[PDB]
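Undergrad: no sequence on hand, only this structure:
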Ligand SMILES: [Mg+2]
Ligand code: NA
Ligand code: NA
């Protein structure tokens, strides 16, 4: 959840917001180790319930998110239903566990390609055109993350938009991302330069992946 | 002496506007068929399966015309080569269907078949069903028969399934056409077509359009 002024600004200027619970357990093995654990349900529930209680009156918020990159656990299913029960006015989405689990109203993959399948075990990233029409599938597809804009990038961005316009149930996505997370450091003469992972003696680090 | 007056055009022609040569005549076989007075007038064969296709029920509805009699029986037997796999015999008289009763002139036979060999374009496993109309002590009136393929066709979860597996149709449309005989079909040409189609990885044909 963002600084509270963010939502006031989105209400007034006019932007659709996905409000997202502060829950990410990416580094766990497997990714759902905590979120399938009933011991961690209370701690996870507070991150979801307190966001909803805080932000539920903002018109800019149109979709709730259960968090990010935390696999799919039974804790997600419980909190999905909690939101559906207390706030029926907004769909709930969540990408974890393969982007089309029972904890999401929207097929919301990250970095699924337009035409090319990436059939990873358990959590495949189907081509978005294919994904919509898998047997039994009816939901809208909106990429929670796509077109990773790292450095000289956004190659093939037009391919996404051609498909978005041609397919009714492809209703877009959210580019990753808005702003380089570079930090400012200063040389001997006081000249500022842009720093990234590792430039603060921080180790282990992931170098330029923050930009 | 038979006299047949064939008309090229009829009200029927309004429903026969297929994209093909417009021809006319007696272009398929003519035959004479002798049936007894008491006769098999219809029969329907259905095959139902359990979830894993390890069990089947062959269900055969048989209808008769002629005089209804207590001594009349229908036997449906199922054959795999020269081996009889299943057999059922019953007097006429279907289950009650409404306030006025049932079909006295019909009977439904049900044969159990364990581990049936299944029919597909890949392996066209066939059984022979013989439908015998006969007297209680086994005097034959007449027999009809057909080839039986145990297969289930269903649409589930948006997929066309044959024997529980999603089909991929390698199909072609085929008109009945011969460059010399027009729209008269013969066995040799039909077989030639089938072999060529199969040799070229087709598994399906549409009877375009009749
Ligand atoms: Mg036409
Ligand atoms: Na669209
Ligand atoms: Na990053």
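TA: Sure thing, it's come through. Numbers count the residues shown, from 1 in each chain, chains lettered A, B, ... in the order given. Ligands and ions are numbered 1, 2, ... in the order given.
Undergrad: CA only for contacts and neighbour counts going forward, please
TA: Will do.
Undergrad: quick one: residue B:181 and chain A, what's the gap?
TA: 46 Å (C-alpha to the nearest C-alpha, to the nearest Å).
Undergrad: same check on residue B:160?
TA: As judged by C-alpha to the nearest C-alpha, residue B:160 and chain A stand 11 Å apart.
Undergrad: you'd agree that residue is up against residue B:152?
TA: No: assessed by C-alpha atoms under 8 Å, residue B:160 is found out of contact with residue B:152, at 10.5 Å.
Undergrad: list phi and psi for residue 9.
TA: Let's take chain A. phi -70, psi -40 (degrees, to the nearest 10).
Undergrad: I was after chain B.
TA: Per-residue torsions, residue B:9: phi -110, psi 140 (degrees, to the nearest 10).
Undergrad: try residue A:170
TA: The phi/psi pair for residue A:170 (degrees, to the nearest 10) is phi -90, psi 100.
Undergrad: now swap in the one 5 residues further on and tell me
TA: Main-chain torsions, residue A:175, degrees, to the nearest 10: phi -60, psi 140.
Undergrad: now it. Nearest residue, chain neighbours left out?
TA: Among residues not flanking residue A:175 along the chain, residue A:146 sits closest, at 5.0 Å (C-alpha to C-alpha, 6 or more residues apart in numbering or on different chains).
Undergrad: number of nearby residues for the one you found?
TA: Residue A:146 has 21 neighbours, counted by other C-alpha atoms under 10 Å in any protein chain shown.
Undergrad: from memory it sits against residue A:110, does it?
TA: Yes: with contact defined as C-alpha under 8 Å, residue A:146 counts as touching residue A:110 (5.7 Å).
Undergrad: look at the most centrally placed residue in chain B and give its secondary structure.
TA: When C-alpha atoms, centre = their mean is applied to chain B, the residue found nearest the centroid is residue B:146 (6.4 Å). Under DSSP: H, G, I helix; E, B strand; the rest coil, residue B:146 falls in the strand class.
Undergrad: what's near enough to touch the residue lying closest to residue B:203 once chain neighbours are set aside?
TA: In space, and not counting its chain neighbours, residue B:203 is closest to residue B:170: 5.3 Å by C-alpha to C-alpha, 6+ apart. Residues counted as contacts of residue B:170 (C-alpha atoms under 8 Å, 6 or more residues apart in numbering or on different chains) are B:201-204.
Undergrad: state the phi and psi torsions of the residue nearest the centre of chain A.
TA: Central residue of chain A (C-alpha atoms, centre = their mean): residue A:144, 4.6 Å from the mean position. Residue A:144 adopts backbone torsions of phi -70, psi -20, taken as degrees, to the nearest 10.
Undergrad: so who does it touch?
TA: Neighbouring residues of residue A:144 by C-alpha under 8 Å, 6+ apart: A:95, A:108-110, A:173-175.
Undergrad: same deal with residue B:147?
TA: Contacts of residue B:147 by C-alpha under 8 Å, 6+ apart are B:126-129.
Undergrad: how close does the residue nearest to the centre of chain A sit to residue B:190?
TA: Counting by C-alpha to C-alpha, to the nearest Å, the separation of residue A:144 from residue B:190 is 56 Å.
Undergrad: now swap in residue B:145 and tell me
TA: In terms of C-alpha to C-alpha, residue B:145 sits 22 Å off from residue B:190.
Undergrad: and the helices in chain A?
TA: Residue ranges of the helices in chain A, as given by DSSP state H, are A:4-13, A:41-55, A:74-86, A:128-132, A:157-166.
Undergrad: from those, which stretch is densest packed?
TA: Greatest average neighbour count among the helices of chain A goes to helix A:128-132 (a mean of 20), per mean count of other C-alpha atoms under 10 Å in any protein chain shown.
Undergrad: count of neighbours near residue 143?
TA: In the absence of a named chain, chain A is used. Burial of residue A:143 is recorded as 24 neighbouring residues (other C-alpha under 10 Å).
Undergrad: wrong one, chain B
TA: If we define neighbours as other C-alpha under 10 Å, then residue B:143 has 15 of them.
Undergrad: residue B:184: what secondary structure?
TA: The assignment at residue B:184 comes out as coil when based on three-state DSSP.
Undergrad: got the phi and psi for it?
TA: For residue B:184, the backbone dihedrals (degrees, to the nearest 10) come out as phi -80, psi 120.
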